[PDB]
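**Student:** Let me begin by handing over the structure; questions about it come next.
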Amino acid sequence: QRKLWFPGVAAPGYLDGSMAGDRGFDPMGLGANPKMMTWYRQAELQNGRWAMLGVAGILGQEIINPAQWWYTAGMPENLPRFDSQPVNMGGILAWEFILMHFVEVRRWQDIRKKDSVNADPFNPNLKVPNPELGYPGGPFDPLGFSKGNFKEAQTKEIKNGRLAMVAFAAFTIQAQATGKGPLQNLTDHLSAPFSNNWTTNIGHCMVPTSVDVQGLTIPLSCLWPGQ
Amino acid sequence: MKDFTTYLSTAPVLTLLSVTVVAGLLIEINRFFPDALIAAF
Amino acid sequence: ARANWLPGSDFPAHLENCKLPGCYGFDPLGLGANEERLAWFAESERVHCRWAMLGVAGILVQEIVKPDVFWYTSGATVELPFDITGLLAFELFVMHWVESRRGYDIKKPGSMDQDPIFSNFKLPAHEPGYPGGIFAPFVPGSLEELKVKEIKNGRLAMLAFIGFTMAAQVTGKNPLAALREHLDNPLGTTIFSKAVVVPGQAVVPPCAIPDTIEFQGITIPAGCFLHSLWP
Amino acid sequence: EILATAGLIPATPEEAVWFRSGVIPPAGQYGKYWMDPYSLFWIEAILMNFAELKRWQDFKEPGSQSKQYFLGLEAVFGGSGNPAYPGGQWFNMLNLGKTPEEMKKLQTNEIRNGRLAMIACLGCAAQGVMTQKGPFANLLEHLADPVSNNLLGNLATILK
Amino acid sequence: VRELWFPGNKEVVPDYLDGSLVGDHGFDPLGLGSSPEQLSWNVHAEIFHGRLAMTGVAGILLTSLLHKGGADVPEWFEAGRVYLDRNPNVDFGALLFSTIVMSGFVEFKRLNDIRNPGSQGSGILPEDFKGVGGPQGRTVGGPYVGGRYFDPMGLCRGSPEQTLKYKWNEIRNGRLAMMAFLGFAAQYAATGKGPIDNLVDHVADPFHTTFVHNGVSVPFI
Amino acid sequence: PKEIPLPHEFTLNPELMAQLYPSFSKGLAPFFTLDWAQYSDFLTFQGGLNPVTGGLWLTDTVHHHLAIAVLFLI
Ligand code: CLA
Ligand code: CLA
Ligand code: CLA
Ligand SMILES: CC(/C=C/C=C(C)/C=C/[C@@]12O[C@]1(C)C[C@@H](O)CC2(C)C)=C\C=C\C=C(C)\C=C\C=C(C)\C=C\[C@@]12O[C@]1(C)C[C@@H](O)CC2(C)C
Ligand SMILES: CC1=C(/C=C/C(C)=C/C=C/C(C)=C/C=C/C=C(C)/C=C/C=C(C)/C=C/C2=C(C)C[C@H](O)CC2(C)C)C(C)(C)C[C@H](O)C1
Ligand SMILES: CC1=C[C@H](O)CC(C)(C)[C@H]1/C=C/C(C)=C/C=C/C(C)=C/C=C/C=C(C)/C=C/C=C(C)/C=C/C1=C(C)C[C@H](O)CC1(C)C
């Protein structure tokens with residue numbers, strides 16, 4: 001706590017400062033229930049970590065593969081190839097669906113009942129020493145960066161996760177309004193900011209009204225009716 | 001409810017309802033079997 | 001801690017301290033909450049497991065020996081030594097005898113255990129659904145472990161037979177043929193490739209088995225389970 | 001209107017006028033909404049029915065709306081004494097006016113500004129009928145020639 | 001106490017609608033169930049309507065899903081005439097009479113259940129058709145008829161919590177099904193297509209396919 | 001009647017009324033200037049019956065209702 005999100009705002013009763021990165025926010029009263037508070041902290045951790053991964057992917061791809069627009073890089077015509085198996089988005093989704101289903105059911109059963117699915121299903125002697133929910137560690141922390149100041153590093157992670165979440169919202173809106181990459185957008189605005197701002201660029205949707213994926217027609221969208 | 005149904009059982013309402021039912025019935029009979037002067041069986 | 005259908009979860013209550021084999025604490029719907037129904041369902045599971053084992057083994061072998069016969073359609077394209085009417089009547093009578101005896105035995109334990117023809121012959125006392133004796137000549141290993149093995153194999157056989165039927169509906173060829181079709185192109189034979197739905201479009205696979213079939217004059221409405229409900 | 005006259009938004013200043021926005025179809029329309037006006041009114045009716053009915057039942061029962069479940073929102077619906085100032089966790093996010101005297105001063109700010117805005121809204125509607133242009137356009141054309149562009153001068157051409 | 005159809009407003013009808021009935025949220029703004037005898041009748045009627053509407057809506061949904069795979073099934077609003085055409089040897093009067101006679105047998109059974117709650121689980125019927133009671137504190141009869149015939153799989157015998165949970169599932173899905181059938185009739189009147197047809201028309205283009213655009217709801221547009 | 005403009009069309013633009021009753025081209029300026037005589041084309045004092053309909057002139061009844069409305073407000 002100490003300082004809050006707004007200068008003179010009043011911190012809520014339940015926002016004492018125990019949980020990391022808590023700035024006395026929540027103006028919507030959503031975390032007034034401890035059960036839903038734990039659920040929402042798990043959801044924030046998941047969204048923040050996935051957003052870190054996504055933003056890192058956007059930035060790294062666009063610096064390494066500048067000729068590919070991140071927004072459309074999922075279209076089958078843009079797919080980089082490694083062997084000779086024919087492309088099939090249905091085929092690729094089977095792997096991801098099944099594997100993500102397994103790992104997410106594992107995480108789910110952790111959330112439902114803490115400290116209940118920590119051991120290997122095959123060797124019931126190798127266990128994960130998860131100090132808290134959403135922080136399994138062990139094999140998930142193989143380099144051993146824990147053990148030190150856990151709360152400080154927890155705040156590091158959570159504040160970077162919030163930053164990356166808002167940055168991905170930025171990436172999506174910038175792509176849909178401008179049609180160019182994020183660092184391309186930065187280099188664009190650095191040249192003619194007076195004509196390259198959110199003004200003018202807003203109200204235009206650089207997205208097709210639909211896409212066809214090997215015979216499958218997806219209607220797409222824009223997040224805002226700007227055309 | 002109980003008092004509403006008691007009101008619906010009052011002579012002013014039940015009489016009017018029964019006259020309406022019998023009138024409707026005679027009107028229906030004359031609509032489907034009109035101009036019947038004798039009891040032709 | 002013990003063997004669980006979902007590691008980290010707890011058992012309900014009826015499924016806690018099972019005497020049935022294969023108790024992994026499933027029942028996410030509470031069907032075995034009752035205790036008469038639980039025994040009835042245990043016997044139903046056992047006979048389903050055994051019939052499906054026989055079915056999947058028969059389908060596998062018949063495909064191995066006669067690859068030119070589709071198992072699904074093989075009921076009408078096989079050329080019977082007898083007729084089809086009398087064959088079904090014989091089926092009906094024999095199965096009535098044996099199944100009624102087994103069902104009654106489950107209903108009341110000490111009952112259908114005596115040979116009718118020979119008074120001296122009689123089944124030695126058994127738990128329900130595990131007759132033994134003449135029905136179990138050779139017993140390879142500990143009985144409880146083998147009951148667990150049988151239950152595991154039967155679960156797998158029932159899942160495998162439903163898979164057989166479905167692949168026959170959507171792919172139209174016999175199981176190992178479908179496996180060979182999936183193995184030449186794993187990315188492209190999966191159901192995710194064949195079928196998919198999105199808001200605005202639905203791609204569903206056609207049914208290889210036709211709408212109707214011809215058998216000795218009459219037509220048997222043999223379609224494809226429930227089309228249109230496929231993804 | 002000021003954003004159109006400043007040219008920041010893409011609408012001619014005679015089309016970004018408030019009454020030509022589809023509220024009165026005979027008086028004008030802006031047929032480029034993501035839904036037709038009637039369906040937007042349907043969603044408005046449902047959402048405002050929720051909001052206003054909850055506000056009314058908090059006025060009648062001065063403490064309720066915080067007891068029954070509402071996706072956890074019920075935490076901020078306790079209200080206060082005066083129904084016009086609930087100022088809970090959401091209605092007073094910034095926690096402004098920590099002094100009851102300063103609260104009274106800010107309340108008087110709010111009420112004076114609100115009464116000025118009532119007068120302004122009635123004026124804008126009357127001017128819209130009376131001049132058939134926008135309120136900002138009316139202000140600019142009055143500052144241009146005050147003597148001829150006024151209430152009395154416009155009395156001949158009123159719905160033209 | 002419990003959840004109300006109107007948060008706050010504890011001026012819910014006097015305590016003949018306390019938190020005792022299944023599906024009870026204090027919704028009786030017009031007082032149609034105030035007296036206890038009428039309230040019992042209304043409970044029977046609501047459960048029966050929910051079950052019948054659940055059956056009807058499931059049948060309509062499935063028949064409209066089949067009519068989209070091209071299967072030789074008419075839509076729900078023309079199934080009667082289509083069948084009468086395709087089976088010319090049947091007489092409308094005969095079918096209507098038979099339906100009223102066979103429905104009448106079971107509905108007289110249910111009627112004499114309502115008159116005397118336990119009287120129908122005797123004589124020709126066994127004893128499982130006596131009923132398990134339920135609402136109003138009765139321990140026999142009612143809309144909930146247990147036994148091995150109306151509850152063959154025993155999904156409410158044992159575990160009172162499970163019985164209550166399943167009762168709540170039944171009541172809430174029944175109310176939803178009744179609202180859904182009202183929607184079916186209204187959509188058919190306003191548009192003239194099937195339910196699944198309307199759903200896919202809406203999801204294909206969520207705009208321009210609302211209730212405003214059908215020309216019957218908003219009558220002038 | 002199926003060709004006559006709908007009443008709101010007459011009400012909302014003084015152009016159509018001006019083509020029918022020319023004093024509507026001057027608007028309300030004569031009213032607040034007390035030059036009310038200019039409204040004599042629809043505020044008439046004629047009496048008798050309209051020769052085509054057999055009823056009182058609707059301009060006469062307009063003037064009557066305006067006058068007695070003022071008198072009752074007084
Ligand atoms: C999926 C994202 C997500 C989720 C689930 C949470 C959840 C939570 N946050 Mg968090 N937060 C987030 C994102 C999220 N946050 C982001 C992006 C930021 C940076 C601004 C923050 C900054 C932040 C602070 C400073 C604090 C919290 C706090 C909390 C906790 C209390 C609030 C609450 O109970 O309501 C639950 C919240 C939700 C259910 C999120 C719902 C989102 C709605 C439905 C949509 C809103 C759209 C959004 C405004 C648009 C964003 C885009 C825009 C930035 C361009 C809670 C566990 C407090 C805390 O630490 O608790 C201990 C606190 O101090 N958050
Ligand atoms: C100039 C107009 C004005 C003024 C002076 C006030 C003043 C006040 N309001 Mg009020 N309010 C207003 C307009 C105004 N309001 C309008 C138009 C609405 C309808 C949306 C409301 C709805 C409202 C509610 C429901 C409540 C109040 C409450 C209060 C009191 C709380 C103290 C406060 O925060 O002051 C306000 C400070 C200012 C108005 C100065 C800021 C001026 C800028 C232009 C505001 C712009 C908003 C901002 C840009 C949006 C983002 C900020 C935020 C999301 C981070 C206070 C006396 C609460 C109360 O009484 O507590 C008990 C209460 O419950 N207001
Ligand atoms: C005919 C169907 C039917 C019947 C008999 C009942 C009966 C009952 N309901 Mg119920 N309900 C229904 C449908 C029905 N409901 C539907 C479809 C919904 C979803 C909206 C609900 C939602 C609901 C709630 C939330 C609650 C009840 C409750 C109750 C009980 C107390 C209220 C009462 O007795 O009034 C009796 C009602 C009637 C006699 C129905 C009369 C209908 C009028 C005469 C016609 C107007 C309705 C309709 C809009 C008109 C459309 C016709 C036309 C447009 C085609 C009672 C036993 C309360 C309870 O506690 O249950 C125990 C309660 O909490 N109901
Ligand atoms: C029975 C029913 C539906 C049954 C449907 C059937 C059999 C369908 C049959 C068939 O489709 C098949 C299967 C195949 C088709 O080919 C042919 C047909 C023949 C078409 C729905 C009832 C539907 C009934 C509905 C929707 C009733 C709504 C009642 C409401 C909203 C009442 C609310 C309140 O009464 C309270 C609760 C308290 C009061 O105080 C205040 C108010 C507000 C009055
Ligand atoms: C009170 C009430 C109900 C009803 C209760 C009743 C009234 C029960 C008793 C019902 C009886 C005795 C019904 C008898 C019905 C006889 C019928 C419907 C005859 C139908 C034949 C017709 C209409 C004509 C058919 C031709 C056809 C089309 C072909 C030709 O050759 C010509 C012709 C013969 C004219 C219901 C709705 C069922 C439920 C309950 O909740 C409320
Ligand atoms: C706090 C609070 C509380 C109170 O009470 C209320 C309120 C106020 C409401 C609040 C607030 C909230 C918020 C702000 C929220 C937000 C969120 C977000 C932003 C998320 C994102 C989130 C985000 C995310 C996940 C993202 C992720 C991403 C990703 C994966 C990506 C991926 C990718 C890549 C790599 C690349 C390629 O080429 C493409 C793809 C494939 C695509």
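Each chain in the structure tokens gets a letter, A, B and so on, in the order shown; residues start at 1 in every chain, and ligands are counted from 1 in the order they appear.
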Can you tell me, as a PDB file with N, CA and C atoms, in the first residue's frame, what residues are no more than 12 Å from residue 17 of chain F when counting only C-alpha atoms, ignoring any on the same chain fewer than 6 positions away?

**Tutor:**
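Just written: selection16.pdb:
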```pdb
ATOM      1  N   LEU D 159     -38.694  28.839 -38.403  1.00  0.00           N
ATOM      2  CA  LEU D 159     -38.562  27.430 -38.767  1.00  0.00           C
ATOM      3  C   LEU D 159     -38.146  27.311 -40.228  1.00  0.00           C
TER       4      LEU D 159
ATOM      5  N   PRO F   5     -50.371  16.809 -48.331  1.00  0.00           N
ATOM      6  CA  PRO F   5     -49.281  16.589 -47.376  1.00  0.00           C
ATOM      7  C   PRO F   5     -49.801  16.317 -45.974  1.00  0.00           C
ATOM      8  N   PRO F   7     -50.104  16.322 -41.893  1.00  0.00           N
ATOM      9  CA  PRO F   7     -50.180  17.564 -41.102  1.00  0.00           C
ATOM     10  C   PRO F   7     -48.850  18.048 -40.565  1.00  0.00           C
ATOM     11  N   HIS F   8     -47.952  17.144 -40.190  1.00  0.00           N
ATOM     12  CA  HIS F   8     -46.672  17.595 -39.659  1.00  0.00           C
ATOM     13  C   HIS F   8     -45.857  18.311 -40.721  1.00  0.00           C
ATOM     14  N   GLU F   9     -46.043  17.948 -41.990  1.00  0.00           N
ATOM     15  CA  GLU F   9     -45.337  18.641 -43.059  1.00  0.00           C
ATOM     16  C   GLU F   9     -45.792  20.086 -43.152  1.00  0.00           C
ATOM     17  N   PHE F  10     -47.100  20.328 -43.071  1.00  0.00           N
ATOM     18  CA  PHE F  10     -47.590  21.702 -43.037  1.00  0.00           C
ATOM     19  C   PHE F  10     -47.086  22.428 -41.800  1.00  0.00           C
ATOM     20  N   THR F  11     -47.125  21.757 -40.649  1.00  0.00           N
ATOM     21  CA  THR F  11     -46.761  22.395 -39.388  1.00  0.00           C
ATOM     22  C   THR F  11     -45.296  22.809 -39.356  1.00  0.00           C
ATOM     23  N   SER F  23     -49.408  35.095 -45.240  1.00  0.00           N
ATOM     24  CA  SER F  23     -48.921  35.774 -44.046  1.00  0.00           C
ATOM     25  C   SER F  23     -47.973  34.918 -43.228  1.00  0.00           C
ATOM     26  N   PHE F  24     -47.923  33.612 -43.479  1.00  0.00           N
ATOM     27  CA  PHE F  24     -46.998  32.745 -42.771  1.00  0.00           C
ATOM     28  C   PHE F  24     -45.567  32.952 -43.231  1.00  0.00           C
ATOM     29  N   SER F  25     -45.371  33.677 -44.332  1.00  0.00           N
ATOM     30  CA  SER F  25     -44.037  34.027 -44.796  1.00  0.00           C
ATOM     31  C   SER F  25     -43.375  35.065 -43.908  1.00  0.00           C
ATOM     32  N   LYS F  26     -44.155  35.828 -43.149  1.00  0.00           N
ATOM     33  CA  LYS F  26     -43.599  36.795 -42.217  1.00  0.00           C
ATOM     34  C   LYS F  26     -43.425  36.239 -40.815  1.00  0.00           C
ATOM     35  N   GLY F  27     -43.915  35.033 -40.553  1.00  0.00           N
ATOM     36  CA  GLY F  27     -43.685  34.418 -39.267  1.00  0.00           C
ATOM     37  C   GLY F  27     -44.386  35.147 -38.138  1.00  0.00           C
ATOM     38  N   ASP F  41     -55.430  37.081 -43.370  1.00  0.00           N
ATOM     39  CA  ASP F  41     -55.762  36.046 -44.337  1.00  0.00           C
ATOM     40  C   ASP F  41     -56.181  34.736 -43.683  1.00  0.00           C
ATOM     41  N   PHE F  42     -55.784  34.489 -42.435  1.00  0.00           N
ATOM     42  CA  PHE F  42     -56.314  33.350 -41.704  1.00  0.00           C
ATOM     43  C   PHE F  42     -57.021  33.721 -40.409  1.00  0.00           C
TER      44      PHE F  42
END
```

**Student:** If the limit is 9 Å from any atom of ligand 1, counting only C-alpha atoms and all ligand atoms, which residues qualify? Return them as a PyMOL selection string.

**Tutor:** (chain A and resi 1+4-5+11+14-34+36-48+158-159+161-170+173) or (chain D and resi 72)

**Student:** Which polymer residues have any atom within 12 Å of an atom of residue 57 of chain D, counting only C-alpha atoms, with same-chain residues fewer than 4 positions away left out, as an MDAnalysis selection string?

**Tutor:** (chainID D and resid 49:53 61:66 77:79 83) or (chainID E and resid 6:11)

**Student:** Please determine the contact residues of chain C with respect to chain E at a cut-off of 8 Å, counting only C-alpha atoms, and supply them as an MDAnalysis selection string.

**Tutor:** chainID C and resid 30:31 33:34 37 199:201 227:229

**Student:** Around ligand 4, out to 10 Å and counting only C-alpha atoms and all ligand atoms, which residues are there? I want them as a PyMOL selection string.

**Tutor:** chain E and resi 13+26-34+42+45-46+48-64+73-83+174-185

**Student:** Any chance you can output those residues with N, CA and C atoms as a compact mmCIF listing (two decimals), in the first residue's frame?

**Tutor:**
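Written file, again.txt:
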```txt
# COMPACT_ATOMS: atom_id res chain seq x y z
N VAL E 13 -45.32 -10.85 -1.31
CA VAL E 13 -46.64 -11.27 -0.83
C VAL E 13 -46.52 -11.87 0.56
N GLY E 26 -40.51 -15.25 -4.45
CA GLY E 26 -41.46 -14.23 -4.06
C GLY E 26 -42.16 -13.55 -5.21
N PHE E 27 -42.29 -14.21 -6.35
CA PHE E 27 -42.90 -13.59 -7.52
C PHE E 27 -44.37 -13.96 -7.55
N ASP E 28 -45.19 -13.09 -6.97
CA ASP E 28 -46.63 -13.18 -7.15
C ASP E 28 -47.23 -11.79 -7.12
N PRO E 29 -46.80 -10.87 -7.99
CA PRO E 29 -47.27 -9.48 -7.88
C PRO E 29 -48.76 -9.33 -8.09
N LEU E 30 -49.43 -10.31 -8.68
CA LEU E 30 -50.86 -10.23 -8.93
C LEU E 30 -51.67 -11.12 -8.01
N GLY E 31 -51.03 -11.78 -7.05
CA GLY E 31 -51.75 -12.48 -6.01
C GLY E 31 -52.54 -13.68 -6.47
N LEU E 32 -52.16 -14.30 -7.60
CA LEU E 32 -52.94 -15.42 -8.10
C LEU E 32 -52.81 -16.69 -7.26
N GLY E 33 -51.84 -16.78 -6.36
CA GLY E 33 -51.76 -17.96 -5.53
C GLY E 33 -51.88 -17.71 -4.04
N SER E 34 -52.65 -16.71 -3.61
CA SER E 34 -52.65 -16.33 -2.19
C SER E 34 -53.22 -17.42 -1.28
N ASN E 42 -51.66 -24.26 -8.07
CA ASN E 42 -50.73 -23.55 -8.93
C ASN E 42 -49.37 -24.22 -8.97
N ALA E 45 -49.70 -27.02 -11.32
CA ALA E 45 -49.79 -26.51 -12.68
C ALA E 45 -48.45 -26.04 -13.20
N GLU E 46 -47.66 -25.37 -12.36
CA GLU E 46 -46.38 -24.88 -12.82
C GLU E 46 -45.44 -26.02 -13.14
N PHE E 48 -46.21 -29.09 -13.99
CA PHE E 48 -46.70 -29.78 -15.18
C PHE E 48 -46.42 -28.96 -16.44
N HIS E 49 -46.65 -27.65 -16.39
CA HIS E 49 -46.38 -26.79 -17.53
C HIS E 49 -44.90 -26.79 -17.86
N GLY E 50 -44.04 -26.72 -16.85
CA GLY E 50 -42.61 -26.75 -17.11
C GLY E 50 -42.18 -28.04 -17.77
N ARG E 51 -42.69 -29.17 -17.30
CA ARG E 51 -42.31 -30.45 -17.89
C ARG E 51 -42.83 -30.57 -19.32
N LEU E 52 -44.10 -30.21 -19.53
CA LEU E 52 -44.67 -30.31 -20.87
C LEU E 52 -44.00 -29.37 -21.84
N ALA E 53 -43.68 -28.15 -21.41
CA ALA E 53 -42.96 -27.21 -22.26
C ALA E 53 -41.54 -27.66 -22.50
N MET E 54 -40.89 -28.29 -21.52
CA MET E 54 -39.57 -28.84 -21.74
C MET E 54 -39.61 -29.90 -22.83
N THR E 55 -40.60 -30.80 -22.75
CA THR E 55 -40.76 -31.82 -23.78
C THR E 55 -41.03 -31.20 -25.14
N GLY E 56 -41.97 -30.26 -25.19
CA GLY E 56 -42.32 -29.64 -26.46
C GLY E 56 -41.18 -28.86 -27.07
N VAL E 57 -40.44 -28.11 -26.26
CA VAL E 57 -39.34 -27.31 -26.79
C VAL E 57 -38.19 -28.21 -27.22
N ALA E 58 -37.91 -29.29 -26.49
CA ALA E 58 -36.88 -30.21 -26.94
C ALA E 58 -37.28 -30.85 -28.26
N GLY E 59 -38.55 -31.25 -28.40
CA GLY E 59 -39.00 -31.81 -29.66
C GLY E 59 -38.91 -30.81 -30.80
N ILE E 60 -39.30 -29.57 -30.54
CA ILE E 60 -39.23 -28.53 -31.57
C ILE E 60 -37.79 -28.26 -31.97
N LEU E 61 -36.89 -28.17 -30.99
CA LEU E 61 -35.49 -27.92 -31.29
C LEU E 61 -34.90 -29.05 -32.13
N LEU E 62 -35.15 -30.29 -31.73
CA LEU E 62 -34.57 -31.40 -32.47
C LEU E 62 -35.17 -31.51 -33.87
N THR E 63 -36.49 -31.33 -33.99
CA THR E 63 -37.12 -31.42 -35.30
C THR E 63 -36.68 -30.28 -36.21
N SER E 64 -36.36 -29.12 -35.64
CA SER E 64 -35.85 -28.02 -36.45
C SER E 64 -34.37 -28.18 -36.77
N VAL E 73 -38.30 -34.14 -42.38
CA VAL E 73 -39.06 -33.75 -41.21
C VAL E 73 -39.60 -32.35 -41.45
N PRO E 74 -40.89 -32.12 -41.24
CA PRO E 74 -41.42 -30.76 -41.38
C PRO E 74 -41.02 -29.90 -40.20
N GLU E 75 -41.30 -28.61 -40.32
CA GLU E 75 -41.08 -27.75 -39.17
C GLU E 75 -42.17 -27.98 -38.14
N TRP E 76 -41.96 -27.42 -36.95
CA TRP E 76 -42.90 -27.67 -35.86
C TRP E 76 -44.26 -27.08 -36.15
N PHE E 77 -44.32 -25.94 -36.83
CA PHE E 77 -45.58 -25.26 -37.09
C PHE E 77 -46.37 -25.86 -38.24
N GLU E 78 -45.82 -26.82 -38.96
CA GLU E 78 -46.55 -27.44 -40.05
C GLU E 78 -46.54 -28.96 -39.96
N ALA E 79 -46.07 -29.52 -38.84
CA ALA E 79 -45.97 -30.97 -38.71
C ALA E 79 -47.34 -31.63 -38.75
N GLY E 80 -48.36 -30.99 -38.19
CA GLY E 80 -49.68 -31.61 -38.18
C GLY E 80 -50.23 -31.77 -39.58
N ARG E 81 -50.24 -30.68 -40.35
CA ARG E 81 -50.76 -30.74 -41.71
C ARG E 81 -49.88 -31.60 -42.60
N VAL E 82 -48.57 -31.52 -42.43
CA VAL E 82 -47.68 -32.35 -43.23
C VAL E 82 -47.96 -33.82 -42.99
N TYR E 83 -48.08 -34.22 -41.72
CA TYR E 83 -48.38 -35.61 -41.41
C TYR E 83 -49.73 -36.02 -41.98
N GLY E 174 -37.47 -25.73 -16.39
CA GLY E 174 -38.86 -25.67 -16.82
C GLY E 174 -39.34 -24.26 -17.07
N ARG E 175 -39.00 -23.33 -16.18
CA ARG E 175 -39.35 -21.93 -16.41
C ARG E 175 -38.67 -21.40 -17.67
N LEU E 176 -37.40 -21.76 -17.86
CA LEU E 176 -36.70 -21.34 -19.07
C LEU E 176 -37.35 -21.92 -20.32
N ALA E 177 -37.79 -23.17 -20.26
CA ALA E 177 -38.42 -23.79 -21.42
C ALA E 177 -39.76 -23.14 -21.73
N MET E 178 -40.52 -22.77 -20.71
CA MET E 178 -41.78 -22.07 -20.96
C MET E 178 -41.54 -20.74 -21.66
N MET E 179 -40.57 -19.97 -21.15
CA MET E 179 -40.23 -18.71 -21.82
C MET E 179 -39.75 -18.96 -23.24
N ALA E 180 -39.00 -20.04 -23.45
CA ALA E 180 -38.50 -20.38 -24.78
C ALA E 180 -39.61 -20.72 -25.74
N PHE E 181 -40.64 -21.44 -25.29
CA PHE E 181 -41.74 -21.76 -26.19
C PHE E 181 -42.55 -20.52 -26.52
N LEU E 182 -42.73 -19.62 -25.55
CA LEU E 182 -43.34 -18.34 -25.89
C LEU E 182 -42.53 -17.63 -26.96
N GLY E 183 -41.21 -17.68 -26.84
CA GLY E 183 -40.36 -17.11 -27.87
C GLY E 183 -40.53 -17.79 -29.22
N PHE E 184 -40.66 -19.12 -29.22
CA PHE E 184 -40.88 -19.84 -30.47
C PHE E 184 -42.14 -19.36 -31.16
N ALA E 185 -43.24 -19.29 -30.42
CA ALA E 185 -44.50 -18.85 -31.02
C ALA E 185 -44.40 -17.41 -31.52
```

**Student:** Within 10 Å of ligand 2, counting only C-alpha atoms and all ligand atoms: which residues, as a ChimeraX atom specification?

**Tutor:** /A:5-6,27 /D:79-98,102-114,117

**Student:** Taking only C-alpha atoms into account, which residues of chain F are within 7 Å of chain D, as a list in words?

**Tutor:**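 That gives residues 12, 13, 14, 26, 27, 28 and 29 of chain F for chain F.
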
**Student:** Selected residues, C-alpha atoms, written as a short mmCIF file (atom, residue, chain, number, x, y, z; two decimals), in the first residue's frame, please.

**Tutor:**
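Resulting contents of again37.cif:
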```cif
data_model
loop_
_atom_site.label_atom_id
_atom_site.label_comp_id
_atom_site.auth_asym_id
_atom_site.auth_seq_id
_atom_site.Cartn_x
_atom_site.Cartn_y
_atom_site.Cartn_z
CA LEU F 12 -42.98 22.13 -39.60
CA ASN F 13 -42.22 24.21 -42.65
CA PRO F 14 -43.84 27.62 -43.19
CA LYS F 26 -43.60 36.80 -42.22
CA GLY F 27 -43.68 34.42 -39.27
CA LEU F 28 -44.34 35.66 -35.76
CA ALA F 29 -42.76 39.08 -36.31
#
```

**Student:** Determine which residues of segment 31-219 of chain C receive a DSSP assignment of strand (DSSP E or B), computed from the backbone, and state them as a list in words.

**Tutor:**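 Here are the strand (DSSP E or B) residues of segment 31-219 of chain C: residues 114, 122, 196, 197, 198, 201, 202, 203, 213, 214, 215, 218 and 219 of chain C.
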
**Student:** Mind dumping the selected residues with C-alpha atoms as a CSV table (one decimal), in the first residue's frame?

**Tutor:**
```csv
chain,number,residue,atom,x,y,z
C,114,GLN,CA,-28.3,-75.5,-10.0
C,122,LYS,CA,-24.4,-77.1,-9.4
C,196,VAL,CA,-15.3,-27.5,-37.6
C,197,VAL,CA,-17.9,-24.8,-36.7
C,198,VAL,CA,-17.6,-21.0,-36.5
C,201,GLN,CA,-20.2,-21.3,-41.1
C,202,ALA,CA,-20.3,-25.0,-40.3
C,203,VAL,CA,-18.3,-27.7,-42.1
C,213,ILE,CA,-29.8,-50.5,-47.4
C,214,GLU,CA,-31.3,-53.4,-49.3
C,215,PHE,CA,-31.8,-56.8,-47.6
C,218,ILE,CA,-37.0,-54.9,-47.3
C,219,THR,CA,-34.9,-51.8,-46.5
```

**Student:** Please indicate the distance in Å from atom CA of residue 191 of chain A to atom CA of residue 62 of chain A, rounded to one decimal place.

**Tutor:**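 Between these atoms lies a distance of 19.2 Å.
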
**Student:** Just want the residues within 10 Å of ligand 5, written as a list in words, counting only C-alpha atoms and all ligand atoms.

**Tutor:** residues 45, 90, 91, 92, 93, 94, 95, 96, 97, 98, 99, 100, 101, 103, 104 and 107 of chain E

**Student:** Take the residues from that selection and write them out as a compact mmCIF listing (two decimals), in the first residue's frame, keeping C-alpha atoms.

**Tutor:**
```
# COMPACT_ATOMS: atom_id res chain seq x y z
CA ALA E 45 -49.79 -26.51 -12.68
CA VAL E 90 -55.96 -41.45 -40.93
CA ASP E 91 -58.94 -39.31 -39.91
CA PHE E 92 -58.32 -36.03 -38.08
CA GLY E 93 -61.32 -36.65 -35.84
CA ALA E 94 -60.05 -40.14 -34.96
CA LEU E 95 -56.56 -38.95 -34.08
CA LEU E 96 -57.98 -36.05 -32.06
CA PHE E 97 -60.37 -38.35 -30.24
CA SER E 98 -57.74 -40.98 -29.49
CA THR E 99 -55.34 -38.32 -28.22
CA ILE E 100 -58.05 -36.97 -25.94
CA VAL E 101 -59.00 -40.45 -24.68
CA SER E 103 -54.40 -38.40 -22.51
CA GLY E 104 -57.59 -38.49 -20.47
CA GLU E 107 -54.83 -37.09 -16.63
```
